Amino acid sequence: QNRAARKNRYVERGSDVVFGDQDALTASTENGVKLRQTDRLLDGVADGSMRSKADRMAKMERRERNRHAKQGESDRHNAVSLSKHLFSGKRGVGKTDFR
Amino acid sequence: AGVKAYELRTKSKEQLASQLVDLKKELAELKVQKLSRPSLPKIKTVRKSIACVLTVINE
Amino acid sequence: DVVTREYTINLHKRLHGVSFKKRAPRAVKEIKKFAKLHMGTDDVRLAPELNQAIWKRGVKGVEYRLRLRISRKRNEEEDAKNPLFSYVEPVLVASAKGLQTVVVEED
Amino acid sequence: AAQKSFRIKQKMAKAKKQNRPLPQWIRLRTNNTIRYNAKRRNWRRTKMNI
Amino acid sequence: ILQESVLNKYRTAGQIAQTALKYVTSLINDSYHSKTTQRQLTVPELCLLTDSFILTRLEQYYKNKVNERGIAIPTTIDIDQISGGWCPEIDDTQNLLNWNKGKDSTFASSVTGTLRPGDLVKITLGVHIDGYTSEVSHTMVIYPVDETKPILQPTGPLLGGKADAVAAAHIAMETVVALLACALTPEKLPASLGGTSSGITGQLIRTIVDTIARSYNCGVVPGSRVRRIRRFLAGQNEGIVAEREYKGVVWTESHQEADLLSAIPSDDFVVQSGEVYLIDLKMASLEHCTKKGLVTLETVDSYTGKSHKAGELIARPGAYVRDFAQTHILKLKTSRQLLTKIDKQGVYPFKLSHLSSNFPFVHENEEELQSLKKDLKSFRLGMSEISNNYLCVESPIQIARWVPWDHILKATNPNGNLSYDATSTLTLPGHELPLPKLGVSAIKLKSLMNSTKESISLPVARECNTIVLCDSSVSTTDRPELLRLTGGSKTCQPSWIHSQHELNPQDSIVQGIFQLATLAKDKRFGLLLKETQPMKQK
Amino acid sequence: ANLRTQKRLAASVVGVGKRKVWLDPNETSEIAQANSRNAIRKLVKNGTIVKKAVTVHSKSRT
Amino acid sequence: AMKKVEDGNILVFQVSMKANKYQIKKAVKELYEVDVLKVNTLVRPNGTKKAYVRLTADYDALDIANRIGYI
Amino acid sequence: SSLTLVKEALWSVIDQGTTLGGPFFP
RNA sequence: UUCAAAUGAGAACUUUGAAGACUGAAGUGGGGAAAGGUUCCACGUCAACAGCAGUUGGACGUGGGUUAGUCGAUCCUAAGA
Ligand SMILES: [Mg+2]
Ligand SMILES: [Mg+2]
Ligand SMILES: [Mg+2]
Ligand SMILES: [Mg+2]
Ligand SMILES: [Mg+2]
Ligand SMILES: [Mg+2]
Ligand SMILES: [Mg+2]
């Protein structure tokens, strides 16, 4: 065990000196994209101040659909005002429309 | 920028055909560059040059 | 105050009349309550080997008695609300009967 | 269906390319009144009916 | 902490760098000035042969004794307006010609790779041994050769703004060397320049350099610095990699704004004994600027479709930087092997040709060059995926540009401080404020530079040395002295220039500079400046 | 950390069910780096991922 | 797609929806001066056509990728 | 306004020789 | 159903490990046909939705992915049109 512990030595290198406590060195993307990956949502807004402004605009727009509890932009289910099968009852002595 | 139709109209058929081939090669190169850069404004002017050359030939 | 003792818990009278699907989970909760009673620590942590010993005969086959080693130790994290906690370990013995509470020397 | 017709696949391709939210720069235009995609489709909400 | 071994490593690296610089100067003179050679060497060939010469010389020293050694800064050759980053690979010649077809003739020397008379050719290279780094950079001038004279000599001196820039850079280099040597004998500092009991400060460094640039009608290019060098931390990639501790003086557009109005670098330091300092100075000529403007930098990309500008240079950088804080398992086997070699290199910028097993070549052969290019094509295939996952970055190609102040003042930015380029790959220049007082960001300033019709380019001259402040114990002769590891009168010998400007002696700073020159020329009772000698070759 | 993908890839690479793959709970960061079947194979080779034996169905009583 | 260059000497192109394998082979040989071993094609779920073009052993697709400009 | 004052200050502000080397190739 | 660790502002519900059980091959397994149409997979990520919760998702955001001379269609005729 003493031989193994002496064999397993820790010798630092230039990468340990330079990058050991740092990180990043590249701007983190907003959609987790690679270098040459298209970003459909953001490719037309070059600067981050205008990106943040448009994002805040979209968040403010979302509020009424969120209050109506829509599963998203694509949820446009429409309920009828009245259902005839629920409001067309005059039940005789015989066969009914439900049990 | 781009080609000018009045300048094109003084050329012969072979000159216009060679210019059309050069423009098509340039459009291919710009389409390669677009895969890295989504905003490449010269694409519009090369496309319109191709259309103008074809218009002059047809006339 | 750092301390370590060995206790015997009577799970039989604690699990008397409990529904069969709930017996071993109630044993877990009862041992936590036991450690809280004996050490004053609301933070009780059970060893996975102790959990194995509880669940060893399935959901309704909990032993009548269990020999536990309970250690009150210091909480090192700054984010915690409690400076002390209890760690419960199992003591695997020939029999859990006839054993009294003992203080384990700390070295 | 796995074995589908080219007409069906062409319509599916159009639907896939249409499936997106607004580009952000549309919000920044002068007098923009378009604030969300009001024709967005989802596979589990409205069926395309071929 | 200095020691005999550290000083020896610095001396060895400096000697290698001096020998390489002498080699490239001789190669340029044989290709263009002596004209004895049949084939004229081009810029990528010069860079490649220089790197090979450095590696072959470095193989002989410190074998089986030092963990890491190699080229610190890859051999860069910059022409006129191009202020740095020009180390093109040999397999990019036809690419450069095709990209720049239909352009102007302003960057003809860099596009073709063949130098032209009147060019300011800046040569920059550096060597590291055990992380101990020595860097040198020298501007030289390309002259037409005389015919009537028996001996090959230029027909005349360099005249004009290029001469002004060369003189400003050279005089600033000499004065800064003298001033930093005066830190060892503070009582020898001239009284007018600074206090007898006062030390050397970044404020004094900045004001002397600015005085010289102002006298010669030049600006200081925003990449210049006079900083301290430590092991593995030499500013080999200053605009890309961040540093925890910085001691030195820099020039930026913000400093230009403050001067006109009157991890963060600051000029609140005293130059202390037993330290290694890098002095890198770039002077931009303001000959064609009929107004007062701002000196900035334009970055070069490889996209010909980004504009319709005729005087734009299209090129791809040849040097990459490995970001060791980023990890990602690549999908290509070629990519994984290339990453293994790149991690073998170190924390210094590298070329793809440096990673080939054939390189450095024992015998310069056509088949050796062909095998290197065969490796290079697959290296490019691997490099595309390595850079697509942010494992390496490009060290940029930059051109010095001039933007007049009236355009900046009249321009309106609705966002002010808040605007920043979010599509930039590198965080350090992407989140940059060149004008803190005016609230003008980097992306706004680039927009203004591109919108101006009076935004011209400026020729740049460069001088960069490494020095060590040896104490009484560390030096041989029991007295403190300044050991210049690279540069001096043997390698960085100035070209034949003539300028219409000079320092006006009615200034106290100018008188202090002249006193420093006197004490430097004195070798008995003055400053002791010991220059590192190149080793012999043939 | 979420190692669901690595667990599925380990099962596919080793050729057994997901129920038969052991991911070392101490080497979570190393396992989380492994996004390809090649890296998964390396982890299997050095022992960060282990194939479990089959649950015994003895026939001695039969 | 870039894996296929080093994996099987294959170039991947987006081609016209009206083009068949003969036309793809002819166009590739005319534009890039290579001999083509074979062409496999498909229609992507966005409605465009993808062509895998495998070249003969006399030609290297790595050279063609370097010349074209993406690498 | 500090921006106004800085802009006006900038507006107000902007409103033998020497020889090195010789006839030889270093 | 239970235990510890990790992640996290926050974990009964996420991940790994430790355990207890279940489907028990007419399966809670492995594939297809009709139908659907990207739901597949990766990265980012939680306002709304997942009748508790949520750091998770078939959700939201950005992309990647379907390669045939031999498998089908295509050809033949059936009741029929
Ligand atoms: Mg009861
Ligand atoms: Mg097919
Ligand atoms: Mg069962
Ligand atoms: Mg049953
Ligand atoms: Mg999924
Ligand atoms: Mg809920
Ligand atoms: Mg999705």
Side-chain angles (χ1 to χ4, degrees), chain A residues 28-34 36-43 55 58-75, chain C residues 21-29 31-32 45-61 79 87-88, chain D residues 1-6 8-9 11-13 15-16 19-21 24 40-45 47-50, chain E residues 328 331 389, chain F residues 1-9 17 21-29 31-32 35-36 49, chain G residues 1 4 8 10 12 21 38-46 49-54:
Chain A
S28 61
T29 60
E30 302 87 299
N31 281 317
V33 311
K34 288 175 166 57
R36 312 191 179 91
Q37 180 176 327
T38 59
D39 199 323
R40 225 167 31 177
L41 188 74
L42 304 178
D43 268 354
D55 176 64
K59 281 187 167 71
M60 268 179 306
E61 199 266 346
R62 203 171 48 183
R63 295 193 295 206
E64 189 62 32
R65 285 191 315 280
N66 278 359
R67 190 176 79 85
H68 287 271
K70 305 305 185 66
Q71 290 172 3
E73 247 173 10
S74 165
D75 180 16
Chain C
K21 296 294 190 197
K22 304 174 185 63
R23 289 233 173 192
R26 274 205 76 104
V28 165
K29 296 197 179 179
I31 291 179
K32 285 174 150 191
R45 293 161 204 171
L46 310 180
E49 293 177 350
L50 166 65
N51 189 68
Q52 288 170 223
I54 289 155
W55 278 85
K56 177 52 62 207
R57 302 191 299 191
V59 72
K60 69 186 175 192
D79 298 310
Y87 190 65
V88 192
Chain D
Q3 293 293 328
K4 59 186 66 57
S5 76
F6 181 80
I8 289 303
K9 190 171 160 186
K11 291 191 86 81
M12 285 159 50
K16 167 191 177 59
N19 204 331
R20 71 169 294 181
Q24 290 298 97
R40 186 78 175 279
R41 181 196 57 85
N42 183 261
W43 70 273
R44 223 179 184 170
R45 276 149 221 163
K47 302 312 215 182
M48 305 192 296
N49 298 321
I50 308 186
Chain E
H328 180 266
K331 302 286 183 183
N389 279 276
Chain F
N2 192 332
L3 300 188
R4 209 185 291 117
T5 296
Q6 281 80 60
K7 160 84 76 159
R8 174 184 63 86
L9 279 192
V21 150
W22 175 88
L23 262 50
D24 197 340
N26 305 122
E27 309 275 336
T28 291
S29 289
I31 293 174
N35 58 80
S36 70
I49 300 175
Chain G
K4 301 211 169 295
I10 289 148
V12 182
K21 285 170 184 182
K38 83 166 292 189
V39 180
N40 294 24
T41 66
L42 64 91
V43 180
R44 307 203 286 188
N46 83 321
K49 191 174 275 185
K50 195 202 305 197
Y52 307 97
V53 178
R54 182 169 175 185

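Proteins get letters first, then strands, A, B, ... in listed order; numbering begins at 1 in each. Because only heavy atoms are used, hydrogens play no part in the values below, and waters and symmetry mates are left out as well, while side chains stay in.
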Atom pair distance, as rounded to whole Å: [atom1] in [X] and [atom2] in [N]:
X	N	atom1	atom2	answer
F:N2	I:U15	CG	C1'	5 Å
C:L46	I:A5	CG	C1'	14 Å
C:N51	I:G20	CG	P	10 Å
G:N46	I:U62	CG	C1'	15 Å

Based on the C1'-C2'-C3'-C4' dihedral, does [N] have a north or a south sugar?
N	result
I:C75	north
I:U66	south
I:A11	south
I:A26	south
I:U74	north

Between [N] and [M], is there a Watson-Crick or G-U wobble pair with both distances below 3.5 Å?
N	M	value
I:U14	I:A6	yes
I:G57	I:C49	yes
I:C40	I:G58	no
I:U15	I:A5	yes

So which atom in [X] and which in [Y] form the shortest heavy-atom distance, rounded to 0.1 Å?
X	Y	result
A:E73	D:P21	OE1-CA, 4.1 Å
C:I54	C:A24	CG2-O, 3.9 Å
F:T28	F:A1	CG2-CB, 3.8 Å

[N] to [M] separation - [atom1] atoms, rounded to the nearest Å:
N	M	atom1	answer
I:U14	I:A9	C1'	16 Å
I:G57	I:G44	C1'	15 Å
I:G63	I:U45	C1'	14 Å
I:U7	I:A50	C1'	22 Å
I:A53	I:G17	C1'	24 Å
I:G51	I:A5	P	30 Å
I:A11	I:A6	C1'	12 Å
I:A33	I:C76	P	25 Å

Requested in this report: Go ahead and name the base partner of I:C52; Watson-Crick or wobble counts if both distances stay under 3.5 Å, otherwise write none.
Outcome: none
**Report entry** Watson-Crick or G-U wobble mate for I:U23, both contacts under 3.5 Å
**Finding:** none
With a 4.0 Å cut-off on heavy atoms, is [X] in touch with a base, just the backbone sugar-phosphate, or nothing at all?
X	result
G:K4	base
C:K21	nothing
A:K59	nothing
D:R40	sugar-phosphate
F:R4	sugar-phosphate
C:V88	nothing
D:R41	sugar-phosphate
A:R67	nothing
C:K60	nothing
G:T41	sugar-phosphate
D:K9	nothing
C:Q52	sugar-phosphate

Report task. Establish, with yes or no, whether the OP1 or OP2 oxygen of I:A59 is under 4.0 angstrom from a side-chain nitrogen or oxygen of D:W43. Result -> yes
Query - D:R45 (side chain) donor-acceptor with A:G72 (main chain) under 3.5 angstrom - result: no
Report summary line: Heavy-atom nearest nucleotide on RNA chain I taken for A:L42 and for D:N19; more 5' hit belongs to D:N19
Report summary line: Per nearest nucleotide of RNA chain I, the residue lying toward the 5' end, A:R65 or F:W22, is F:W22
Query - Any side-chain heavy-atom pair of G:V43 and D:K9 under 4.5 Å - result: yes
Requested in this report: Please step through side-chain contact (heavy atoms from CB on, under 4.5 Å) for the pair C:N51 and C:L46, ending with a clear verdict.
Outcome: CA-CA 7 Å; C:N51 189 68; C:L46 310 180; 5.7 Å; no
For the side chain of [X], starting at C-beta, report the closest nucleotide among [options].
X	options	answer
F:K7	I:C49, I:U67, I:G17	I:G17
D:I50	I:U38, I:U66, I:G36	I:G36
G:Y52	I:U38, I:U62, I:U67	I:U67

Query raised in the report: Heavy-atom count around D:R40 CZ within 6.0 Å, excluding the residue itself: above 12?
Result: yes
Query - Over 12 non-hydrogen atoms of neighbours within 6.0 angstrom of NZ in A:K70 - result: yes
Query - Side chain A:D39 and base I:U62 donor-acceptor under 3.5 Å - result: no
Report task. First locate atom OG1 of G:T41, then atom NZ of G:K21, and finally report the distance between them rounded to the nearest 0.5 Å. Result -> 4.5 Å
